[PDB]
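Source file: query-v3.cif. Holds: mmCIF, C-alpha atoms.
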```cif
data_model
loop_
_atom_site.group_PDB
_atom_site.id
_atom_site.type_symbol
_atom_site.label_atom_id
_atom_site.label_comp_id
_atom_site.auth_asym_id
_atom_site.auth_seq_id
_atom_site.Cartn_x
_atom_site.Cartn_y
_atom_site.Cartn_z
ATOM 1 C CA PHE A 40 -71.844 -39.810 62.111
ATOM 2 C CA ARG A 41 -69.912 -36.618 62.970
ATOM 3 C CA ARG A 42 -66.622 -35.220 61.684
ATOM 4 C CA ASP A 43 -64.194 -37.926 60.721
ATOM 5 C CA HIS A 44 -67.143 -39.326 62.480
ATOM 6 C CA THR A 45 -66.432 -42.648 63.996
ATOM 7 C CA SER A 46 -64.382 -45.697 63.355
ATOM 8 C CA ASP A 47 -61.288 -46.360 65.433
ATOM 9 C CA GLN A 48 -61.429 -50.121 65.084
ATOM 10 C CA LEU A 49 -61.386 -49.154 61.551
ATOM 11 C CA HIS A 50 -58.080 -47.634 61.484
ATOM 12 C CA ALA A 51 -56.697 -50.654 63.124
ATOM 13 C CA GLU A 52 -58.070 -52.559 60.140
ATOM 14 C CA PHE A 53 -57.833 -50.085 57.113
ATOM 15 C CA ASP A 54 -54.211 -50.072 57.937
ATOM 16 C CA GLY A 55 -53.230 -53.379 56.228
ATOM 17 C CA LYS A 56 -55.960 -55.055 54.039
ATOM 18 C CA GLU A 57 -57.552 -55.085 50.577
ATOM 19 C CA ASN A 58 -59.702 -52.500 48.801
ATOM 20 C CA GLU A 59 -62.591 -54.696 47.909
ATOM 21 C CA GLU A 60 -62.827 -55.376 51.410
ATOM 22 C CA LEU A 61 -62.288 -51.910 52.713
ATOM 23 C CA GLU A 62 -65.297 -51.194 50.823
ATOM 24 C CA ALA A 63 -67.370 -54.044 51.996
ATOM 25 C CA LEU A 64 -66.839 -52.647 55.411
ATOM 26 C CA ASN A 65 -66.444 -49.124 54.452
ATOM 27 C CA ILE A 66 -67.083 -46.032 56.392
ATOM 28 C CA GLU A 67 -68.280 -42.906 55.017
ATOM 29 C CA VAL A 68 -66.650 -40.459 57.335
ATOM 30 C CA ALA A 69 -67.348 -37.083 57.646
ATOM 31 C CA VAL A 70 -67.114 -33.635 58.079
ATOM 32 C CA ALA A 71 -69.119 -31.793 60.478
ATOM 33 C CA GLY A 72 -68.020 -28.518 61.862
ATOM 34 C CA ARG A 73 -66.956 -25.778 59.467
ATOM 35 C CA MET A 74 -64.318 -24.572 56.955
ATOM 36 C CA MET A 75 -63.608 -23.285 53.482
ATOM 37 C CA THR A 76 -60.391 -24.751 52.017
ATOM 38 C CA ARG A 77 -60.971 -25.970 48.587
ATOM 39 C CA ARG A 78 -58.911 -26.595 45.460
ATOM 40 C CA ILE A 79 -61.577 -25.992 42.853
ATOM 41 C CA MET A 80 -61.554 -26.830 39.228
ATOM 42 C CA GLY A 81 -65.079 -25.766 38.464
ATOM 43 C CA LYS A 82 -66.891 -28.724 40.033
ATOM 44 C CA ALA A 83 -65.485 -31.657 42.088
ATOM 45 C CA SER A 84 -62.963 -30.312 44.409
ATOM 46 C CA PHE A 85 -60.669 -31.343 47.168
ATOM 47 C CA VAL A 86 -61.516 -29.694 50.441
ATOM 48 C CA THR A 87 -60.266 -29.234 53.971
ATOM 49 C CA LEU A 88 -62.437 -28.616 57.002
ATOM 50 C CA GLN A 89 -62.139 -27.863 60.671
ATOM 51 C CA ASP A 90 -63.869 -29.407 63.682
ATOM 52 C CA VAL A 91 -63.806 -28.763 67.399
ATOM 53 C CA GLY A 92 -60.009 -28.526 67.625
ATOM 54 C CA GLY A 93 -58.408 -29.583 64.342
ATOM 55 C CA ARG A 94 -58.754 -30.345 60.657
ATOM 56 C CA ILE A 95 -59.212 -33.189 58.258
ATOM 57 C CA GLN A 96 -58.846 -33.182 54.451
ATOM 58 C CA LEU A 97 -61.368 -34.529 52.028
ATOM 59 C CA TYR A 98 -62.311 -35.138 48.470
ATOM 60 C CA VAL A 99 -65.453 -33.387 47.257
ATOM 61 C CA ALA A 100 -66.111 -35.341 44.129
ATOM 62 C CA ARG A 101 -69.346 -35.182 42.177
ATOM 63 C CA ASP A 102 -67.752 -37.204 39.373
ATOM 64 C CA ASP A 103 -71.173 -38.051 38.044
ATOM 65 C CA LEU A 104 -73.651 -35.302 38.968
ATOM 66 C CA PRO A 105 -71.274 -32.276 39.182
ATOM 67 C CA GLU A 106 -73.089 -30.387 41.907
ATOM 68 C CA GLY A 107 -72.943 -27.410 44.190
ATOM 69 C CA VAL A 108 -74.445 -29.409 47.088
ATOM 70 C CA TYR A 109 -70.785 -29.942 47.269
ATOM 71 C CA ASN A 110 -67.917 -27.594 47.827
ATOM 72 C CA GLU A 111 -70.459 -24.866 47.455
ATOM 73 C CA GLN A 112 -72.766 -25.952 50.079
ATOM 74 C CA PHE A 113 -69.430 -26.111 51.841
ATOM 75 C CA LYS A 114 -68.844 -22.615 50.659
ATOM 76 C CA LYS A 115 -71.919 -21.810 52.574
ATOM 77 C CA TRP A 116 -70.901 -23.329 55.876
ATOM 78 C CA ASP A 117 -70.147 -21.209 58.758
ATOM 79 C CA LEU A 118 -69.452 -20.585 62.293
ATOM 80 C CA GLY A 119 -71.696 -21.758 65.082
ATOM 81 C CA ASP A 120 -73.980 -23.305 62.534
ATOM 82 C CA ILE A 121 -72.665 -26.926 61.852
ATOM 83 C CA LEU A 122 -72.078 -29.720 59.219
ATOM 84 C CA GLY A 123 -72.779 -33.422 59.349
ATOM 85 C CA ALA A 124 -71.264 -34.732 56.084
ATOM 86 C CA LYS A 125 -69.827 -37.831 54.756
ATOM 87 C CA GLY A 126 -67.180 -39.242 52.595
ATOM 88 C CA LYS A 127 -65.530 -42.577 52.557
ATOM 89 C CA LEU A 128 -62.193 -43.186 53.864
ATOM 90 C CA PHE A 129 -59.626 -43.701 51.174
ATOM 91 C CA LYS A 130 -56.138 -44.100 49.922
ATOM 92 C CA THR A 131 -54.581 -40.669 49.978
ATOM 93 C CA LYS A 132 -50.948 -41.400 50.773
ATOM 94 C CA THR A 133 -50.697 -44.680 52.701
ATOM 95 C CA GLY A 134 -54.091 -46.239 51.967
ATOM 96 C CA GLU A 135 -56.147 -44.735 54.735
ATOM 97 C CA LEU A 136 -57.099 -41.436 56.051
ATOM 98 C CA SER A 137 -58.752 -38.971 53.819
ATOM 99 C CA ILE A 138 -62.367 -38.433 53.262
ATOM 100 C CA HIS A 139 -64.046 -38.875 49.980
ATOM 101 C CA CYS A 140 -66.894 -36.493 50.355
ATOM 102 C CA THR A 141 -70.098 -37.453 48.626
ATOM 103 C CA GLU A 142 -73.019 -36.492 50.934
ATOM 104 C CA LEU A 143 -73.127 -33.158 52.703
ATOM 105 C CA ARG A 144 -75.713 -32.951 55.468
ATOM 106 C CA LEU A 145 -75.849 -29.465 56.693
ATOM 107 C CA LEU A 146 -77.452 -28.005 59.767
ATOM 108 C CA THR A 147 -79.302 -25.889 61.789
ATOM 109 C CA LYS A 148 -77.829 -23.171 63.908
ATOM 110 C CA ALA A 149 -75.998 -23.967 67.119
#
```

Can you present the structure in this file as structure tokens?
Amino acid sequence: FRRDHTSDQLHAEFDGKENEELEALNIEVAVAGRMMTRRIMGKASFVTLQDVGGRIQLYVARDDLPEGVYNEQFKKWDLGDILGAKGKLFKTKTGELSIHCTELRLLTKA
């Protein structure tokens, strides 16, 4: 449960089946590491983070409880210090690959 955590087998699968399903099996991949690229609109944002050697894009959506634990917590993450976060994988362009950030589990210092 790291950045764009796990799930390879996944990808093999996600790439070709139904939602319902995708869900049943669903992965809540993450974002660990650190960044700052948001597209705010007050609350629920779309974000982009970095990890060891590259980035992933997510969806920080607090559709129901329009928090700060969110993109703001994110606003707070830095350098050495690291994230452990999660979002499900969902239909961005083809039906796979982006994270739908819902739980942000921040760190300790590295």

Quick one: pull the distance between atom CA of residue A:45 and atom CA of residue A:104, Å, one decimal.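 Interatomic distance here is 27.1 Å.
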
So what do you get for atom CA of residue A:105 versus atom CA of residue A:64, distance-wise?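 Distance between the two atoms: 26.4 Å.
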
Residues within 10 Å of residue A:88, please, as a VMD selection string. Count all atoms listed in the file; anything in the same chain fewer than 6 positions from it doesn't count. chain A and resid 42 69 to 77 94 to 97 113 122

Suppose we keep C-alpha atoms; can you now write the selection as a tab-separated table (two decimals), keeping the file's coordinate frame?
```tsv
chain	number	residue	atom	x	y	z
A	42	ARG	CA	-66.62	-35.22	61.68
A	69	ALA	CA	-67.35	-37.08	57.65
A	70	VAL	CA	-67.11	-33.64	58.08
A	71	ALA	CA	-69.12	-31.79	60.48
A	72	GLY	CA	-68.02	-28.52	61.86
A	73	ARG	CA	-66.96	-25.78	59.47
A	74	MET	CA	-64.32	-24.57	56.96
A	75	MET	CA	-63.61	-23.28	53.48
A	76	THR	CA	-60.39	-24.75	52.02
A	77	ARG	CA	-60.97	-25.97	48.59
A	94	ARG	CA	-58.75	-30.34	60.66
A	95	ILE	CA	-59.21	-33.19	58.26
A	96	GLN	CA	-58.85	-33.18	54.45
A	97	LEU	CA	-61.37	-34.53	52.03
A	113	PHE	CA	-69.43	-26.11	51.84
A	122	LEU	CA	-72.08	-29.72	59.22
```

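Proximity ranking of A:43, A:54, A:111, A:142 relative to residue A:93 places A:43 first, based on only C-alpha atoms.
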
Which one of A:85, A:51, A:101, A:59 sits closest to residue A:131 if you count all atoms listed in the file?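 Of A:85, A:51, A:101, A:59, the one nearest residue A:131, counting all atoms listed in the file, is A:85.
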
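In this model, the gap between atom CA of residue A:134 and atom CA of residue A:106 comes to 26.7 Å.
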
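Using only C-alpha atoms, the smallest distance between any of A:140, A:145, A:99, A:61 and residue A:80 comes from A:99.
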
All file atoms of stretch 49-58 of chain A boxed axis-aligned, 6 Å per side, centre plus edges, as AutoDock Vina command-line options:
```
--center_x -57.3 --center_y -51.4 --center_z 56.0 --size_x 20.2 --size_y 19.5 --size_z 26.3
```

From the list A:123, A:103, A:132, A:115, which residue is nearest residue A:40 when using only C-alpha atoms?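 Between A:123, A:103, A:132, A:115, the residue approaching residue A:40 most closely is A:123.
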
Need the shell around residue A:53: protein/DNA/RNA residues with any atom at most 12 Å away, counting only C-alpha atoms. Skip same-chain ones fewer than 5 positions apart. Format as a list in words? residues 46, 47, 48, 58, 59, 60, 61, 62, 63, 64, 65, 66, 127, 128, 129, 130, 133, 134, 135, 136 and 137 of chain A

Please, could you write that set of residues out with C-alpha atoms as a short mmCIF file (atom, residue, chain, number, x, y, z; two decimals), keeping the file's coordinate frame?
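Contents of selection-v3.cif, as written:
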```
data_model
loop_
_atom_site.label_atom_id
_atom_site.label_comp_id
_atom_site.auth_asym_id
_atom_site.auth_seq_id
_atom_site.Cartn_x
_atom_site.Cartn_y
_atom_site.Cartn_z
CA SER A 46 -64.38 -45.70 63.36
CA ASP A 47 -61.29 -46.36 65.43
CA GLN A 48 -61.43 -50.12 65.08
CA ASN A 58 -59.70 -52.50 48.80
CA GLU A 59 -62.59 -54.70 47.91
CA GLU A 60 -62.83 -55.38 51.41
CA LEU A 61 -62.29 -51.91 52.71
CA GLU A 62 -65.30 -51.19 50.82
CA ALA A 63 -67.37 -54.04 52.00
CA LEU A 64 -66.84 -52.65 55.41
CA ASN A 65 -66.44 -49.12 54.45
CA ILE A 66 -67.08 -46.03 56.39
CA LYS A 127 -65.53 -42.58 52.56
CA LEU A 128 -62.19 -43.19 53.86
CA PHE A 129 -59.63 -43.70 51.17
CA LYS A 130 -56.14 -44.10 49.92
CA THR A 133 -50.70 -44.68 52.70
CA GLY A 134 -54.09 -46.24 51.97
CA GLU A 135 -56.15 -44.74 54.74
CA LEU A 136 -57.10 -41.44 56.05
CA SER A 137 -58.75 -38.97 53.82
#
```

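If only C-alpha atoms are the atoms counted, then among A:110, A:126, A:68, A:55 the closest residue to residue A:81 is A:110.
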
Would you mind exporting stretch 41-88 of chain A with N, CA and C atoms, as an mmCIF file, in the first residue's frame?
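Written file, selection.cif:
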```cif
data_model
loop_
_atom_site.group_PDB
_atom_site.id
_atom_site.type_symbol
_atom_site.label_atom_id
_atom_site.label_comp_id
_atom_site.auth_asym_id
_atom_site.auth_seq_id
_atom_site.Cartn_x
_atom_site.Cartn_y
_atom_site.Cartn_z
ATOM 1 N N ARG A 41 1.593 1.402 -1.055
ATOM 2 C CA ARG A 41 2.514 2.536 -1.382
ATOM 3 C C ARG A 41 2.003 3.377 -2.533
ATOM 4 N N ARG A 42 2.850 4.096 -3.178
ATOM 5 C CA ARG A 42 2.335 4.946 -4.314
ATOM 6 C C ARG A 42 2.101 4.209 -5.626
ATOM 7 N N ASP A 43 0.822 4.257 -5.921
ATOM 8 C CA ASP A 43 0.221 3.623 -7.129
ATOM 9 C C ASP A 43 0.690 2.295 -6.611
ATOM 10 N N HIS A 44 0.429 2.202 -5.326
ATOM 11 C CA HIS A 44 0.819 1.021 -4.556
ATOM 12 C C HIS A 44 1.244 -0.243 -5.259
ATOM 13 N N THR A 45 0.297 -1.080 -5.288
ATOM 14 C CA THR A 45 0.392 -2.419 -5.907
ATOM 15 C C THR A 45 -0.692 -2.589 -6.903
ATOM 16 N N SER A 46 -0.672 -3.791 -7.412
ATOM 17 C CA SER A 46 -1.649 -4.263 -8.426
ATOM 18 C C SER A 46 -1.176 -4.210 -9.865
ATOM 19 N N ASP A 47 -0.575 -5.285 -10.280
ATOM 20 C CA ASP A 47 -0.070 -5.376 -11.682
ATOM 21 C C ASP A 47 -1.111 -6.234 -12.394
ATOM 22 N N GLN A 48 -1.397 -7.339 -11.759
ATOM 23 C CA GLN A 48 -2.356 -8.344 -12.184
ATOM 24 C C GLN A 48 -3.599 -7.595 -12.596
ATOM 25 N N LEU A 49 -3.774 -6.593 -11.803
ATOM 26 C CA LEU A 49 -4.841 -5.669 -11.892
ATOM 27 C C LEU A 49 -5.059 -5.181 -13.262
ATOM 28 N N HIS A 50 -4.046 -4.476 -13.584
ATOM 29 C CA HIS A 50 -3.921 -3.798 -14.875
ATOM 30 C C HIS A 50 -4.234 -4.741 -15.989
ATOM 31 N N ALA A 51 -3.788 -5.945 -15.801
ATOM 32 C CA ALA A 51 -4.046 -6.935 -16.840
ATOM 33 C C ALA A 51 -5.573 -7.069 -16.992
ATOM 34 N N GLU A 52 -6.198 -7.069 -15.847
ATOM 35 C CA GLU A 52 -7.655 -7.183 -15.683
ATOM 36 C C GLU A 52 -8.478 -5.886 -16.008
ATOM 37 N N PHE A 53 -8.257 -4.835 -15.240
ATOM 38 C CA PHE A 53 -8.906 -3.488 -15.342
ATOM 39 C C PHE A 53 -9.088 -3.116 -16.784
ATOM 40 N N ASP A 54 -8.076 -3.525 -17.480
ATOM 41 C CA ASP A 54 -8.008 -3.285 -18.940
ATOM 42 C C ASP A 54 -8.928 -4.253 -19.719
ATOM 43 N N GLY A 55 -10.225 -4.048 -19.655
ATOM 44 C CA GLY A 55 -11.147 -4.965 -20.404
ATOM 45 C C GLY A 55 -12.443 -5.470 -19.725
ATOM 46 N N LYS A 56 -12.749 -5.144 -18.491
ATOM 47 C CA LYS A 56 -14.033 -5.677 -17.909
ATOM 48 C C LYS A 56 -15.016 -4.597 -17.440
ATOM 49 N N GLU A 57 -16.003 -5.052 -16.720
ATOM 50 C CA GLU A 57 -17.071 -4.151 -16.187
ATOM 51 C C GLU A 57 -16.797 -3.431 -14.863
ATOM 52 N N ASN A 58 -17.433 -2.302 -14.725
ATOM 53 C CA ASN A 58 -17.330 -1.435 -13.538
ATOM 54 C C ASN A 58 -17.515 -2.109 -12.186
ATOM 55 N N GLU A 59 -18.723 -2.564 -12.126
ATOM 56 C CA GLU A 59 -19.397 -3.291 -11.038
ATOM 57 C C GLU A 59 -18.438 -4.153 -10.277
ATOM 58 N N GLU A 60 -17.823 -4.771 -11.218
ATOM 59 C CA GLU A 60 -16.798 -5.744 -11.089
ATOM 60 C C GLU A 60 -15.531 -5.122 -10.588
ATOM 61 N N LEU A 61 -15.070 -4.192 -11.366
ATOM 62 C CA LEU A 61 -13.837 -3.455 -11.074
ATOM 63 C C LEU A 61 -13.716 -3.004 -9.663
ATOM 64 N N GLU A 62 -14.895 -2.831 -9.204
ATOM 65 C CA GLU A 62 -15.224 -2.383 -7.901
ATOM 66 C C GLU A 62 -15.146 -3.457 -6.833
ATOM 67 N N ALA A 63 -15.745 -4.531 -7.221
ATOM 68 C CA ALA A 63 -15.842 -5.731 -6.415
ATOM 69 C C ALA A 63 -14.422 -6.049 -6.037
ATOM 70 N N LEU A 64 -13.601 -5.997 -7.051
ATOM 71 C CA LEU A 64 -12.179 -6.278 -6.853
ATOM 72 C C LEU A 64 -11.238 -5.212 -6.417
ATOM 73 N N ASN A 65 -11.750 -4.106 -6.787
ATOM 74 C CA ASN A 65 -11.116 -2.774 -6.581
ATOM 75 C C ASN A 65 -9.966 -2.640 -5.594
ATOM 76 N N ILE A 66 -9.143 -1.780 -6.104
ATOM 77 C CA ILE A 66 -7.876 -1.336 -5.503
ATOM 78 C C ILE A 66 -8.025 0.116 -5.324
ATOM 79 N N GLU A 67 -7.479 0.423 -4.202
ATOM 80 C CA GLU A 67 -7.459 1.783 -3.715
ATOM 81 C C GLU A 67 -6.035 2.280 -3.760
ATOM 82 N N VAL A 68 -5.490 2.421 -4.947
ATOM 83 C CA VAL A 68 -4.117 2.877 -4.999
ATOM 84 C C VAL A 68 -3.973 4.312 -4.805
ATOM 85 N N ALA A 69 -2.838 4.305 -4.244
ATOM 86 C CA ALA A 69 -2.111 5.401 -3.737
ATOM 87 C C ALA A 69 -1.167 6.291 -4.337
ATOM 88 N N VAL A 70 -0.885 7.008 -3.296
ATOM 89 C CA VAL A 70 0.085 8.080 -3.384
ATOM 90 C C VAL A 70 0.788 8.250 -2.074
ATOM 91 N N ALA A 71 1.993 7.939 -2.273
ATOM 92 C CA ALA A 71 2.983 8.001 -1.202
ATOM 93 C C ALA A 71 3.963 8.929 -1.820
ATOM 94 N N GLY A 72 4.974 9.260 -1.091
ATOM 95 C CA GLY A 72 5.942 10.184 -1.776
ATOM 96 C C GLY A 72 5.586 11.618 -1.456
ATOM 97 N N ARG A 73 5.735 12.488 -2.431
ATOM 98 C CA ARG A 73 5.411 13.911 -2.231
ATOM 99 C C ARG A 73 5.219 14.770 -3.502
ATOM 100 N N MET A 74 4.355 15.745 -3.373
ATOM 101 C CA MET A 74 4.056 16.695 -4.497
ATOM 102 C C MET A 74 3.387 17.988 -4.061
ATOM 103 N N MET A 75 2.603 18.467 -4.985
ATOM 104 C CA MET A 75 1.825 19.720 -4.809
ATOM 105 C C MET A 75 0.984 20.104 -6.036
ATOM 106 N N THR A 76 0.819 19.283 -7.054
ATOM 107 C CA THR A 76 -0.018 19.831 -8.160
ATOM 108 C C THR A 76 -1.470 19.503 -8.263
ATOM 109 N N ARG A 77 -2.116 20.488 -7.735
ATOM 110 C CA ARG A 77 -3.601 20.525 -7.642
ATOM 111 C C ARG A 77 -4.313 21.381 -8.685
ATOM 112 N N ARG A 78 -5.611 21.244 -8.690
ATOM 113 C CA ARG A 78 -6.473 22.011 -9.631
ATOM 114 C C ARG A 78 -7.709 22.398 -8.828
ATOM 115 N N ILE A 79 -7.426 22.986 -7.700
ATOM 116 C CA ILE A 79 -8.509 23.426 -6.782
ATOM 117 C C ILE A 79 -9.691 24.199 -7.303
ATOM 118 N N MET A 80 -10.714 24.001 -6.523
ATOM 119 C CA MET A 80 -12.025 24.646 -6.782
ATOM 120 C C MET A 80 -12.712 24.795 -5.436
ATOM 121 N N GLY A 81 -11.865 25.122 -4.506
ATOM 122 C CA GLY A 81 -12.300 25.324 -3.093
ATOM 123 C C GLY A 81 -11.999 24.061 -2.277
ATOM 124 N N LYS A 82 -12.758 23.042 -2.581
ATOM 125 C CA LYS A 82 -12.624 21.723 -1.901
ATOM 126 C C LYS A 82 -12.290 20.734 -2.998
ATOM 127 N N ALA A 83 -12.660 19.474 -2.859
ATOM 128 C CA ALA A 83 -12.351 18.443 -3.892
ATOM 129 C C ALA A 83 -11.661 18.947 -5.123
ATOM 130 N N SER A 84 -10.480 18.447 -5.178
ATOM 131 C CA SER A 84 -9.539 18.774 -6.246
ATOM 132 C C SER A 84 -9.036 17.575 -7.011
ATOM 133 N N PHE A 85 -8.223 17.888 -7.972
ATOM 134 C CA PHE A 85 -7.619 16.857 -8.812
ATOM 135 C C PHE A 85 -6.187 17.202 -8.500
ATOM 136 N N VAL A 86 -5.454 16.180 -8.204
ATOM 137 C CA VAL A 86 -4.020 16.356 -7.844
ATOM 138 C C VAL A 86 -3.043 15.521 -8.646
ATOM 139 N N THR A 87 -1.793 15.829 -8.462
ATOM 140 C CA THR A 87 -0.716 15.093 -9.157
ATOM 141 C C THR A 87 0.449 15.060 -8.182
ATOM 142 N N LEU A 88 0.925 13.854 -7.980
ATOM 143 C CA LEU A 88 2.065 13.632 -7.056
ATOM 144 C C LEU A 88 3.279 12.973 -7.645
#
```
